[PDB]
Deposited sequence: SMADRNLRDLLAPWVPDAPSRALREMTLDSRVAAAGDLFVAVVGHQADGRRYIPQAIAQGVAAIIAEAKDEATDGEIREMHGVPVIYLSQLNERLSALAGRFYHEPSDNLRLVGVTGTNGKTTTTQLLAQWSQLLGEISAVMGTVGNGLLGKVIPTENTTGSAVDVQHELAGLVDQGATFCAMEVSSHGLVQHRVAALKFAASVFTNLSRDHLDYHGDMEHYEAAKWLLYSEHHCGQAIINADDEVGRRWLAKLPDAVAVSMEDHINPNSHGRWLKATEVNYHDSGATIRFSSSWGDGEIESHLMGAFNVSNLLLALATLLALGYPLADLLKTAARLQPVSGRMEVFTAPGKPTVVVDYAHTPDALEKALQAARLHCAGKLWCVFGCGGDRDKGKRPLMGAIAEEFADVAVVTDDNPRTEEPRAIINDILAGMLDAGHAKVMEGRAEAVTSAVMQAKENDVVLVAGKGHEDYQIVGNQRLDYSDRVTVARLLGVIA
């Protein structure tokens, strides 16, 4: 890494200087580093130029605004300081060149939208790896190669993608928030494809701001959920975008690329998805639960078909796709009730989990749950009301009561119900889960909500060893 080579596209005849790491933070700027002095909200990195110089940085790139002309080369204590206009917008490009353009050295797929970014990125990474990629994710669960995901500026994004390239990643599925795009954190990334899941005078400015940003980015092939009203607005302006539907929103008059589920059977162990597309037709056995996860799966499928993965190979590997751990994770055993373990610990997440479980449920829907102690009590009656409405049998139990009287939490939950007397209450959580699993019929579904993969139960100050997944697996005679 050399300052002169790094700046060649923008500053001819910048000085020759070996560089170590690139940093926005004067505090971690070490000998041989490139310090980048940016203006943010209130913060001005140009204040820290003397400190960075004293810590032995090789060179500094600084915001030009009010200070210097674009491309102006100064020399301070023998350290080159080069000024650039609009440094915040150009940070992604500068870091991309610093880190040897990692988005040109693997297949990068971005996913944006309110919901389904995590699931859709995990399905892209899993499916591509099943077809022979070495796949990675960058998202809210963290970054890394599949199975080794460890829990953020334009530089950090480029640096982390470069670290995955260095680890041998050939495919990366990246969550991209609306806020991420606006703050120029992915401005210079070359996406092979980008995915739109959903959105949940004003409408004119919003569209105009997003169209402007999009026109500036390198998003590759567009894959868009045509069941979303805003998604259809976007498709109307993007004739080469792939339209994806499970609710009959493909308009075949367009002669564009498309994929649509013609039939979905939600059964006790997942979903049978029959689909047609401009690549051909097929039947997928998904091990994921609910309508939203059909959509997320169809977006991943359309994306990988669009990038040229063969339909026959995608169909052959679909049954190996796994749920995101602790997210609508289904446990079935021969002639036992279906059990779903989900992390839902809010009124909205619990209602969505119950509505998703209900589709797979021929019999009674059971809901085992509780609420955290020594935290906001507001959600408790609202979660009671949700369990009473959207489940057939509500089993109210403990979930991390901490130092609060466990029964007091249960009382606050029951107070939200029309008929508290209809609720079942059982303390010990292990006991309550057992009661549901052992009483439920073969065609029932038991939702165990609130913990997902969070394998402890906090009682007083003790983090007790406890897993919903292990409890359920042992009762069903299967392996968590």
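For this chain, the deposited residues without C-alpha positions form the stretches 1 to 4, 156 to 160, 210 to 216, given in sequence order.
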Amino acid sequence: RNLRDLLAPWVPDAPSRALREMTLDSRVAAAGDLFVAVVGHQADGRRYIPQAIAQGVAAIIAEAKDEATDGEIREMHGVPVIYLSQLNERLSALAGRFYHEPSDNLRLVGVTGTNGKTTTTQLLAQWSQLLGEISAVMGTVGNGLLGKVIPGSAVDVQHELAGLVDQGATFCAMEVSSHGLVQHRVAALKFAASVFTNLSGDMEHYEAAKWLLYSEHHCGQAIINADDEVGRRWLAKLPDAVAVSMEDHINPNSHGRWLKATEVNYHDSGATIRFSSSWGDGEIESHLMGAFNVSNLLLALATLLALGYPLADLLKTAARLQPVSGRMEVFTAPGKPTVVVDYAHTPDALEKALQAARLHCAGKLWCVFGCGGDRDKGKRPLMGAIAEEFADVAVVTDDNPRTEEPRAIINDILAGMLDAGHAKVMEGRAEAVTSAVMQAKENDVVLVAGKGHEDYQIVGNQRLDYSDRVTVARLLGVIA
From here on, numbers count along this sequence of modelled residues.
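For the pair 274 to 282 and 202 to 210, the mean Cα B-factor is higher in 202 to 210. As the entry records it, the average C-alpha temperature factor is higher for 53 to 61, out of 407 to 415 and 53 to 61.
In this structure the maximum Cα B-factor among 336, 107, 358, 217 is found at 336. Comparing the C-alpha B-factors of 397, 183, 194, 158 in the entry, the top value falls on 183.
Sort the chain's modelled residues by C-alpha temperature factor and residue 254 lands in the highest third, per the entry.
Placement of the Cα temperature factor of residue 375 within the chain: highest third of the modelled residues, per the deposited record. Per the PDB record, residue ranking by Cα B-factor puts residue 269 in the middle third of the chain.
Among all modelled residues in its chain, residue 37 ranks in the middle third by Cα B-factor. Ranked against the other modelled residues of its chain, the C-alpha B-factor of residue 31 as given in the entry falls in the highest third.
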